[PDB]
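# Tertiary structure, described
Here are the chains, one letter per residue:
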Amino acid sequence: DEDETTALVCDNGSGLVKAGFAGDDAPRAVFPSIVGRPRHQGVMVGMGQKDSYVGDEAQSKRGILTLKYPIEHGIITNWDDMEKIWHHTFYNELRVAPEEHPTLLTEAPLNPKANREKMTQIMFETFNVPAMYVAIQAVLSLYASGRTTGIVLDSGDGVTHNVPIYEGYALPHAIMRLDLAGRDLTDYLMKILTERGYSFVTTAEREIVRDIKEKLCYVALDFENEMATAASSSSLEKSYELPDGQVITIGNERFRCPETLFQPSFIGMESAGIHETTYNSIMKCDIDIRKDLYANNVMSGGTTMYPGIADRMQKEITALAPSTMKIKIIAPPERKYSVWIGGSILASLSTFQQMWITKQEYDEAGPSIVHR
Amino acid sequence: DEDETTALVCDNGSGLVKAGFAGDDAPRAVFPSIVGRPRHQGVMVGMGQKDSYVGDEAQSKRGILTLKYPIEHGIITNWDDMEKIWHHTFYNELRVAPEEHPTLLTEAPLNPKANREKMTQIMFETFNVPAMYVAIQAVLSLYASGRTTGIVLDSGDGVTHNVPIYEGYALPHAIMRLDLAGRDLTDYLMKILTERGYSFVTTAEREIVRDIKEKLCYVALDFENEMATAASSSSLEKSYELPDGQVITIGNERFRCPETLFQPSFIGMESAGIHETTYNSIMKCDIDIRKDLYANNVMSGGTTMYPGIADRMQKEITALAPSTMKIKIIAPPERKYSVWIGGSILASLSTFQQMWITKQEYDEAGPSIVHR
Amino acid sequence: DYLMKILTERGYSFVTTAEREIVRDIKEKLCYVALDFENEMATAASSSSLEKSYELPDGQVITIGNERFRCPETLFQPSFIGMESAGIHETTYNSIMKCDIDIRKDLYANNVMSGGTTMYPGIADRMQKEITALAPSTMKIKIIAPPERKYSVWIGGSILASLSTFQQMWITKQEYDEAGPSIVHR
Amino acid sequence: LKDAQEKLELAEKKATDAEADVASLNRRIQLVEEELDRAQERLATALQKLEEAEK
Amino acid sequence: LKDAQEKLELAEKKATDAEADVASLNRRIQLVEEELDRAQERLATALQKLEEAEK
């Protein structure tokens, strides 16, 4: 129990932090990855002067603060502001004292060696946690779907990745990163919806375009004769009621937004798209392992939640793969937390105890120890 | 003079074409081996609609065209697009009419019989050249260094080869091909340089990583205690100024890029490396000819130009070869054009006239004639 | 409308409609975009002969010293008017780091200005220095602001449409009656 | 012999690093000298344009 | 040996002629680059003086 209860799992994202206790089924804490700094001197009624704001209080009060994102494209870019988000996570969100809890953290696919050593330096030397561990994100997603070999298409708020994993070892030279994700996708909907003849003028109009994207957006299979369908004008249309009455209608654009993930050309991106990239990762791997990867395309991440994403991907890679092959696109329902759940499982596991980096290992080996 | 002036030499590569007149000291024409096809309908100011673009106009205008490479790994893969690059070479680059010029062409090491017959079919039947001849590339490189027996390590943009040649006959069963060359090498530098904490974001950032590779990259001898040297941090570092001010620094990676040619493992390649391959070619040849090959390792190709390539190779094969042997790594300065220069010499030669395949030979013997 | 308020705020009244309309003629004639808008306010305070009095429809000589440039500083600082958007120079730049990489030296040496509101003198010098200091030093900056710029758009059309080669792009009633509005839409 | 040949790969290495840096610095001097006749030439013209506009 | 040692006095000779020419060309580039910030600087000032006088 000492640490059975006690292991923490913190998944640091570009848009959201997911956090909680190893053992739980889902994150106890989910909140924006921002750190707000007040543009002016003054106070809220009853509070003192605050130097900084994190998560939702930074989002809610955004009009008087300069908002900053510590993690650009999955990599920690500002370490002063990240230690601020961690502090908030332990002390306010989970309300635990960190110096008696083992902490499993996550990093990104080709996270620079030096960063994995730096967050270890900050975990052990400024938070004084007993022990910690850094798992790679795609690797926890895979594992949370039971398996050990597969290829994960991972897509969240600032990055998309393909991480081919074989008997647990993520394959460095076959990993692909595509910098277009849910953030890019909300801003494109924004324009095709203002372009439908609308105005997201106040900040209460801006924010909810993102809630339109999440609730009403679709990834149609045969996106071709779906536009064609749009035109005959079926009961395909969908009206959402705004903060007030102002019933906005979205028929068609509803799927023009996730067609951006297959066609980056919709947004002036010259890069290849999700399905081709799944494939290219795969023809960059060893030959003998390619049947395995093909029957185990695990999807994880908030942006892979658009319904019919899996069917489109299913047919997208069948028709690029040699017919002798078995294609299989696994997309679980909890996928917006796969990464986290994979960490919860792993860290609560009976056999993981012997991989925890302890302060004994650290004080004796330097940050190098956990770096592997 | 009839043809003393008149012989053309065209060396077709995976990245570059080198072309000019037999007699000259260096190629009159050097340009990318691309054929661009416009993605949209429209025009440049003052020009007409163009169906196609070749060489540098395809590179410069790459944003509106789909670029295609006719020669994959030294072998012609698309014959519609190759006849386009030849057309461009004769008519625009050298501005000659082909029907009055003998043409010496080059092919790759184990170029399929059928291809040598096909480019002969296209030379004589669609360009109507008086006479032509196909030389093997390593063989022209050797000969341009004066000799007739030696082993050429040839390395350009898409392929590396080892072609052991004895009294002029390239030895089919001892030739080795390693598909990792300067193209692969620019993309690896790219990553170790973004990995140094950088961004080659716009296309004006992409292209110049290749000019960094050419200008600043090195092949260190004792690549071991060169990394060690990097760490003590000597004045080994080297900063390059970008299209603008943005002074980028490259200290160390500078040589981590050509260490890829000895260690393919740096790039997820399981194949053996350049020096071992030189050697293996050699222990695949007759016994009595192995002292000859060892004292005549001729290097040619753009990617063998990295300074200190020869010293590393010198010591790489001395230490694999029996000590009773004399090692000798010849690397001339003009080596990025050895192949071409060997053709210029040979084709301007007094004795070569009797090996030219003439339209008389062809119209009478079929493509078989030149195939040998 | 912002000048209006900083001028009523200077202790004035644009009360009748003959007072309203002419604030716009003050903006056009007397407004400036100072370079180093910082030590221009500072200059205002020492009170140099920077001031400028305009005579209204009648005698009522109104003086505008300082606000004269506080009005076009709104184009670089939208915060002067409760706008949270970025300003002209940053936006020039952001457009540019949204374009292909290889074309960014071209765009930087060819910042063409057009429109009535880009006519404020010293707009070009401020923009010149505004983007030099945001652009990589390896770059050439060049802010072209022609004198006829309040009609650039029109003049470009006059040239183009009187041109010898444009005749073949005119959409004719033949094209239309045969292709529908789609024809000209491109 | 090992000493004359070793002294050698080092003297030839130094010779080639120095020939590479002279080629680079001469290319840089020609480019900055060519940026020049250009900076100074448009200058004679900008100053002349000033004296006429001031008049 | 006679050949490695002879190849030598020639490679060292070439190394010293090239180090001498690079030193001279680098001195010339610094002087023409310094004539420059000067030509171009009085230029930013002459062109600014023009835009103000033209205004």
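Residues numbered from 1 in each chain as written, not as in the entry; some residues may be left out. Chains lettered and ligands numbered in written order. Part of a larger assembly, values for the part shown. Heavy atoms only, no water.

Structure determination for this PDB entry is given in the record as cryo-EM, at a resolution of 35.00 Å.

The header of this PDB entry states its title as "Isometrically contracting insect asynchronous flight muscle quick frozen after a length step".

UniProt, in its Function section for chain A, records the words "Actins are highly conserved proteins that are involved in various types of cell motility and are ubiquitously expressed in all eukaryotic cells." Taken from UniProt, the Catalytic activity comment for chain A reads in full: "ATP + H2O = ADP + phosphate + H(+)". (UniProt positions renumbered as here; feature names shortened; annotations may be inferred.)

## Here's the deal with the overall build of chain A
The secondary structure content of chain A amounts to 15 helices and 19 strands. The C-alpha radius of gyration computed for chain A amounts to 22 Å, which stays within 12% of the reference 21 Å derived for 372 residues, consistent with globular compactness. Dimensions of chain A along its principal axes, counting C-alpha atoms only, are 70 × 65 × 35 Å. Across the 372 residues in chain A, those meeting the buried criterion constitute 51%. Partitioning the contacts of chain A with sequence separation of at least 6, the portion at a separation of at least 24 is 66%. (Helix = DSSP H or I, 4+ residues; strand = E, 2+ residues; numbered from the N terminus. Rg over C-alpha atoms; globule rule 2.2 N^0.38 Å. Buried < 20%, exposed > 50% of the residue type's maximum accessible area, 1.4 Å probe, protein only. Contact = heavy atoms within 4.5 Å.)

## Considering the interface of chain D and chain E
If you look at the interface, chain D gives 28 residues, while chain E gives 28 residues. Summed over both partners, the interface of chain D with chain E comes to about 2,400 Å²; 82% of that surface belongs to carbon and sulfur atoms. Counting across the interface, chain D meets chain E through zero salt bridges. The tally of links between chain D and chain E comes to zero residue pairs in polar contact. Looking at the side of chain D that touches chain E residue by residue, the class counts come to 17 nonpolar, three polar and eight charged. (Buried area = accessible area lost by both parts, 1.4 Å probe. Salt bridge = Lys/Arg side-chain N within 4 Å of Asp/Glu carboxyl O. Polar contact = N/O pair within 3.5 Å; in protein donor to acceptor, adjacent residues only side chain to side chain. Nonpolar A, V, L, I, M, F, W, Y, C, P; charged D, E, K, R; others polar.)

## Topic: unusual backbone geometry
The residue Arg95 of chain A is not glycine, and still its phi comes out positive at about 55°. Here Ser47 of chain C, not a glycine, exhibits a phi torsion of approximately 50°, which is positive. If you trace the backbone, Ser47 of chain C turns up in the loop between α3 (38–46) and β1 (52–55). Take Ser47 of chain C: its relative accessible area is 52%, and that puts it in the exposed class.

## Comments concerning the side chain of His73 of chain A
Residues and elements named next belong to chain A. With respect to the helices and strands, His73 occurs in the loop between β7 (71–72) and β8 (75–76). A polar contact is formed between the side chain of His73 and the backbone oxygen of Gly158, at a distance of 2.7 Å. Leaving out residues up to four positions away in the same chain, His73 has contacts with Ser14, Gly158, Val159, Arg177 and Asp179.

## Concerning the arrangement of the chains
Most contacts, among the six pairs of chains that meet, fall between chains D and E. Taking C-alpha atoms as the reference, chain C and chain D come no closer than 12 Å and do not contact one another. The closest approach of any C-alpha atom in chain B to one in chain E is 14 Å; the two make no contact.

## With respect to the packing of aromatic side chains
Throughout the structure, instances matching the rule amount to 23 aromatic pairs over all chains. Ring-pair connections join several aromatic residues into one group, and the members of that group are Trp86, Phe90 and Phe127 of chain A. Here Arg254 of chain B stacks its cationic end above the ring of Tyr218 of chain B, 4.3 Å away from the centre of that ring. (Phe/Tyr/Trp six-rings, centres within 6.5 Å; stacked < 30°, edge-to-face > 60°. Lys NZ or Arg CZ within 6 Å of the ring centre and 35° of its normal.)

## A few points about a nonpolar patch on the surface
Together, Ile159, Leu160 and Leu163 of chain C make up a nonpolar patch on the protein surface, roughly 260 Å² of accessible area in all. For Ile159 of chain C, a relative accessible area of 49% puts it in the partly exposed group. (Patch = residues over 30% accessible without salt bridge, like charges linked within 9 Å, V, L, I, M, F, W, Y side chains within 5 Å. Areas by Shrake-Rupley, 256 points an atom, 1.4 Å probe, with all protein chains shown as cover.)

## With respect to the sheet that holds strand β4 (residues 35–38) of chain B
Residue and element names in this part refer to chain B. If you trace the three strands from one edge of the open sheet to the other, you get β5-β4-β6, paired in antiparallel fashion. Every other strand in the sheet has two partners, leaving β5 (53–54) and β6 (65–68) as the edge strands with one partner each. Across the sheet, helix α2 (residues 79–93) is in contact with β4, β5 and β6; its angle to β4 comes to roughly 110°. (Pairing = 2+ DSSP bridges. Axes fitted to C-alpha atoms, helices over the stretch in contact; angles between N-to-C directions.)

## Thoughts on the side chain of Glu205 of chain A
Residue and element names in this part refer to chain A. Relative to the assigned elements, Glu205 resides in helix α6 (residues 203–216). The buried charged residue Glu205 lacks any salt bridge, with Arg62 as its nearest oppositely charged partner at 11 Å. When residues no more than four places from it in sequence are discounted, the contact partners of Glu205 are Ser199, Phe200, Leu242 and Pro243. (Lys, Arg positive; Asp, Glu negative; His and termini not counted.)

## A short note on the packing of helix α10 (residues 274–282) of chain B against helix α12 (residues 309–318) of chain B
Residue and element names in this part refer to chain B. With their axes 9 Å apart at the nearest point, α10 and α12 run at an angle of 50° to one another. Viewed along their axes, α10 and α12 adopt a mutual orientation that is oblique. Crossing geometry of α10 relative to α12 is assigned as right-handed. Counted together, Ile274, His275 and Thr278 of α10 and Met313, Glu316 and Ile317 of α12 form the full contact between these two elements. Of the residues assigned to the contact of α10 with α12, the class counts are three nonpolar, two polar and one charged. (Parallel < 35°, antiparallel > 145°, perpendicular 65-115°, else oblique. Left-handed = near helix turned anticlockwise from the far one by under 90°.)

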